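Some notes on the structure that comes next.
As a convention, Cβ positions derive from the backbone with ideal geometry for all residues, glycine included, and neighbour counts pool all protein chains shown. Read-outs: derived from the displayed coordinates by stated rules, not from any lab.
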């Protein structure tokens, strides 16, 4: 197609943002003027990977980040800037420690079996005061705030703005909601090819953060930003397709699922523990797993299990929180799912229970309850560790560092509880 | 001898404090007038153990705390109050979950082999502002404050007072020091029969806390009370004796130790991990083990190993911190030591290294680095768990609760590091 330089001329783009996601979900970007896009579209932009979360050294050569021209997004709030998602290349080949590179690998394995992952994201977020002390709306205070029309329309301006951008960009948004915590929201768009979805996820986090700042607010995807309120989820909708456009998950077993889906499901259940460290990747993530419901169970149309079946041909994975890496998250679910399929794994009986009331009477395999045990879990699950490749160890290394960091902090809790021993 | 009522008349005691130490080292006491001492000396004082750290229920009968008349201490700063240490009795028998009861059990086992434990305590403590924000002396600020004559004599009044009390009570004190952190002190008295020492430890913590308050200050034994300073140790000096007054630890092997001592030592090294949860019993304890030196090694005249040999017939155990239970600490070291002796256990080679410089090159068995792993360690070491009896599980239960408590706190560290994911 027409080179990025040519688009830059027709559509009036003055600068490109060349962007990649590192192991921690941090967006690293670089701002290049149009007069330079041509050269980089082809050779990529040069960063020093040791400065980002990539487990590299100062002595290594600068990595090259090659833009995916198919990913261009003209910032709807600032049209002269062109945003681009990029693969980090190192010494010729794509760098297997960058998340988009790892996602694209797992996809290629699945591809060569005529299996195509498609997923949707439920990115919840709070809107907060710029200084982070409190939610953005002091009038949002009732016990059960969910779907509060009052508080919802109080933030219409910023919501509507971002939703309309999504309409224009073609993501096909269909709903905007106030969620179950004061100050918390969700905006939903259509499911798509994993890679498409992933980019959209990385960009959505940027847009909402960016737009909210322009309205003198702040967006946070943090798992548990307030001691007194529920946290941010990032539940995921999954479906496997053939190139021929057929839903491999749709079938005639129970609930409308095929045997293939139930092996995929078995894969999830099989790797739930190590999978946990990846979609609950921060010390803060583990407040949510210590409310009650930390047990490994599906499913059915029921919001009380680690997995839900909403409809024929779909699994909802109610495990990942807001801190989830947009590329590392699909990547790792895919790994565990392809295993389910390749080892014809057994999910076990369904359970139509409400686990909040009747989950104590069920004997159930339990998820890890803190980062360290979670990392330990990922480190032992070699099937998983292999599906992500060199990334897995890098991740584990960083998160073991973060653990130590958090544990070295002197809390008021320590001093209140121990000053008197 | 003359009943406590008679002493009360000669020595002018108006009230008795009947005291016991619970699983957390908390001193539970009760204030009884002299007119009532007679009855309680014999039947004990009635508390409801469910209200203290004893793993009991409201439905249980009130425990009885029988004073040990041999332990009387007339508060040197308030002579009309008589302090007494007590065994918690429950339903006839001594309650095996109370620390003094557990210490006295292990001692009785050792006793029936003509083995008598004797130990000294190095109780370090900071003096702080009453509100706990800072050390008590703003003029104590140099890099290497240890043995600072200036700052030492700046707190002469309160030190000298407490030291002189110890002279009068017969504990045989021999030195008072400013320790290696700003605001931190140590006062040393003679070693003695474990049980004697233990009471003296429980009372020392009370006296220093009490006297310092009378001087408008505050004492803390907390492991790590300040982010910027070193912590409180509670190193212990150990020696085994026969009734005939002979030091079973004194011999002709290396360094002047007998084979018996080296099996005891082996016992320690053998149970170091599970022993850790007991003498490092708080979430706060684990800052000190994550400075560098968390490795299981003795020894010799060297302050870099988990164990030190200062002289013929003595082991110094450099493992316990200020939060250590005065009864649970001897109790548990004794257990691990009697095992060493009964299984003729092997400590391994000595190592005359400085572990701060040359400890990374040694392959060494590593202690647990956080409360939970520590509790796990104690739970698996059944030899140890058996030597303390019913206490061990109670302890483990409480500390697993404390862990959850600490992990449920929302720190500023979480919010600074995660608000932006």
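Residue count for segment A:51-80 under the criterion of being over 20 Å from residue A:13 (Cα atoms), out of contact with any helix residue (DSSP H, G or I) (no Cβ under 8 Å at 6 or more places or on another chain) and surrounded by fewer than 14 Cβ atoms within 10 Å (Cβ to Cβ): the result is 3. Within segment A:168-182, is even one residue surrounded by fewer than 16 Cβ atoms within 10 Å (Cβ to Cβ), within 14 Å of chain B (Cβ to nearest Cβ) and more than 19 Å from residue A:99 (Cβ to Cβ)? Taking every residue of segment A:168-182 in turn, none turns out to be surrounded by fewer than 16 Cβ atoms within 10 Å (Cβ to Cβ), within 14 Å of chain B (Cβ to nearest Cβ) and more than 19 Å from residue A:99 (Cβ to Cβ). Being in a strand (DSSP E or B) and within 14 Å of chain A (Cβ to nearest Cβ) is the filter; apply it to segment B:117-128 and report the residue that is surrounded by the most Cβ atoms within 10 Å (Cβ to Cβ). Ranking the candidates gives B:126 first.
Checking each residue in segment B:295-305 for being surrounded by 19 or more Cβ atoms within 10 Å (Cβ to Cβ) and assigned to a loop (DSSP other than H, G, I, E, B) picks out B:296, B:297, B:299, B:302, B:304, B:305.
The helices (runs of 4 or more DSSP H) located wholly in segment B:357-421 that include 2 or more residues which are within 13 Å of chain A (Cβ to nearest Cβ) and under 25 Å from residue B:307 (Cβ atoms) occupy B:371-380.
If you go through segment B:129-141 and pick out every residue that is surrounded by fewer than 19 Cβ atoms within 10 Å (Cβ to Cβ) and within 14 Å of chain A (Cβ to nearest Cβ), you end up with 6. Every test in (1) under 19 Å from the mean Cα position of the chain (by Cα); (2) away from chain A (no Cβ under 14 Å); (3) crowded, with 24+ Cβ neighbours inside 10 Å is passed by residue B:281 save one, and that test is (2).
Taking the criterion of being within 14 Å of chain B (Cβ to nearest Cβ) and part of a helix (DSSP H, G or I), would at least one residue in segment A:331-354 satisfy it? No, segment A:331-354 contains no residue that is within 14 Å of chain B (Cβ to nearest Cβ) and part of a helix (DSSP H, G or I). Only a single criterion out of (1) out of contact with any strand residue (DSSP E or B) (no Cβ under 7 Å at 6 or more places or on another chain); (2) surrounded by 24 or more Cβ atoms within 10 Å (Cβ to Cβ); (3) farther than 16 Å from residue B:350 by Cα is not satisfied by residue B:267, namely (3). Those residues that are exposed (fewer than 15 other Cβ atoms within 10 Å of the Cβ) and under 27 Å from residue B:49 (Cα atoms), I need them from segment B:81-116; list them, please. B:91, B:92, B:93, B:108, B:109, listed by residue number.
Can you go through B:55, B:131, B:60 and tell me which one is over 23 Å from residue B:325 (Cβ atoms) and assigned to a loop (DSSP other than H, G, I, E, B)? Don't jump to the end; show me each part of the working.
Values: B:55 fails: over 23 Å from residue B:325 (Cβ atoms); B:60 fails: over 23 Å from residue B:325 (Cβ atoms).
Only one candidate qualifies: B:131.
Taken together, the residues in segment A:12-30 that are over 15 Å from the mean Cα position of the chain (by Cα) and closer than 29 Å to residue A:281 by Cα amount to 6. The single condition among (1) within 12 Å of chain A (Cβ to nearest Cβ); (2) crowded, with 22+ Cβ neighbours inside 10 Å; (3) under 18 Å from residue B:366 (Cα atoms) that residue B:289 does not satisfy is (2). Sort out which residues of segment B:312-347 are in contact with a helix residue (DSSP H, G or I) (Cβ under 7 Å, 6 or more places away or on another chain) and either over 30 Å from residue B:208 (Cα atoms) or surrounded by fewer than 21 Cβ atoms within 10 Å (Cβ to Cβ) (or both), and write them in order of number. Those that are in contact with a helix residue (DSSP H, G or I) (Cβ under 7 Å, 6 or more places away or on another chain) and either over 30 Å from residue B:208 (Cα atoms) or surrounded by fewer than 21 Cβ atoms within 10 Å (Cβ to Cβ) (or both): B:312, B:313, B:336, B:337, B:338, B:339, B:340, B:341, B:344, B:345, B:346, B:347.
Among the residues of segment B:214-259, the one identified as more than 14 Å from chain A (Cβ to nearest Cβ), outside any loop (DSSP other than H, G, I, E, B) and more than 23 Å from residue B:336 (Cα to Cα) is B:214.
For residue A:310, state whether it is under 18 Å from the mean Cα position of the chain (by Cα) and under 19 Å from residue A:123 (Cα atoms). The answer is no for residue A:310. Only one of the numbered conditions (1) over 16 Å from the mean Cα position of the chain (by Cα); (2) at negative phi is not met by residue A:196, and that is (1). The selection criterion, being closer than 21 Å to residue B:123 by Cα, part of a loop (DSSP other than H, G, I, E, B) and within 14 Å of chain A (Cβ to nearest Cβ), does not hold for residue B:201.
The set of residues in segment B:222-236 being surrounded by 20 or more Cβ atoms within 10 Å (Cβ to Cβ) and over 22 Å from residue B:143 (Cα atoms) consists of B:234, B:236.
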